[PDB]
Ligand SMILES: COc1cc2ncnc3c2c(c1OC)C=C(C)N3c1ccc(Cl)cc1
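In structure tokens, one chain follows: the form deposited without the named molecule.
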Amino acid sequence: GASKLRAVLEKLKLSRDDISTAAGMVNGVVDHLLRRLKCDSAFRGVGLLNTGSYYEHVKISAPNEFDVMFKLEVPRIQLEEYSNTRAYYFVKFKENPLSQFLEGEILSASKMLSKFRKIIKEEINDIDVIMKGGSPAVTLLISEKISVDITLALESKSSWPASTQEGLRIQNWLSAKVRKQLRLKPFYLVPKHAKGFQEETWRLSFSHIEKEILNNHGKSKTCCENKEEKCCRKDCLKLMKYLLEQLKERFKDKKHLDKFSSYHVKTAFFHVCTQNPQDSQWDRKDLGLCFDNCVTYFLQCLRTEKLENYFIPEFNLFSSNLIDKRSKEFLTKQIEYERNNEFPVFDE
């Protein structure tokens, strides 16, 4: 029902005053940490890349969860793919400020993460904030209300790795030209061990690209810039995130839904966007149909145990090695029930 769904979206709208106070807290702490990190020889080129739901304007309910990336431009990077995981890599260099973190010829994520956490932990000790598989490296809690997931990332301005070359299938949606422009942007490597865990791997990150697409998301260049062209893409993504968040809350005592994340819902949403490239397939009048497309596609991913990373097609976020069949069957069952009953979890 499109009218019930719109009522859900109204309840999900963030408070402008809450945004204001929350942003003030996050920005103060983040700037404090960046200022400290830039004083260290190792994190000399550190910069802020804001990522995730809040900076994509798909944060729901309250602005109480911020993801930030502390990125380091690194020179002359040489990637070695770990096994054939397609997303995990050993970092090498082709005399540089990260030489202390080298363990042989590979860059030690562990060594780097340790100094990163150490510096942040020390800086938080003097601030009302507290510190709490490598990425996010650190989670802050500001005034018991606001959580900040801080991810260390290497920035490579090199062309994207070969495993991405069939990814980002935006050609018929955002255009081949936009795909070419996005793939000229840097890519990021975050410390993330690969599963026995290889503790020195880095995973490809494209959070900046994900943010760019979401804030410039139409086939039409003027999508959502005027009244006539307000699509429901972000509305559906928010509904999908609320659906997952509510299901995860409703079954928090069970453990089946713990591994599912907003990134899964966001990734699925980008695939539905690829399957539905035209803004007219996201008309505001069709919020119900569009949400059901997202729900249906997500259920297909659960059932087939395939949710491709939007950028790395052979990296299956729903692989057996990542999420148990039983966890997907459980989500499938609950989503199917939810849909068959006008989504009871939305009222709560």
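Numbers for residues come from their place in the sequence shown, where the first is 1.
From this point on, the text means the form deposited with the named molecule bound, which you will not see here.
Checklist entry - Just one of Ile142, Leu79, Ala87, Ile120 has a heavy atom within 4.5 Å of the named molecule in the deposited bound form. Which one? => result Exactly one residue meets the criterion: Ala87.
Checklist entry - So which of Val26, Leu37, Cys294, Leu317 gets a non-hydrogen atom within 4.5 Å of the named molecule in the deposited bound form? => result Checking each option against the named molecule in the deposited bound form, the one that comes within 4.5 Å is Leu317.
Checklist entry - Does the named molecule get within 4.5 angstroms of any non-hydrogen atom of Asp126 in the deposited bound form? => result Flag for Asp126 set to no.
Item to check | Distance check, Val46 to the named molecule in the deposited bound form, heavy atom within 4.5 Å | outcome: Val46: no, not in contact with the named molecule in the deposited bound form.
Checklist entry - Taking heavy atoms and a 4.5 Å cut-off, does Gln278 contact the named molecule in the deposited bound form? => result The answer is no: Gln278 has no heavy atom within 4.5 Å of the named molecule.
Checklist entry - Within a 4.5 Å heavy atom cut-off, is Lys259 in contact with the named molecule in the deposited bound form? => result Yes, contact at 4.5 Å.
Checklist entry - In sequence order, which positions of 285-315 have a non-hydrogen atom within 4.5 Å of the named molecule in the deposited bound form? => result Read in sequence order, the residues that approach the named molecule (within 4.5 Å, in the deposited bound form) are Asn309, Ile312, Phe315.
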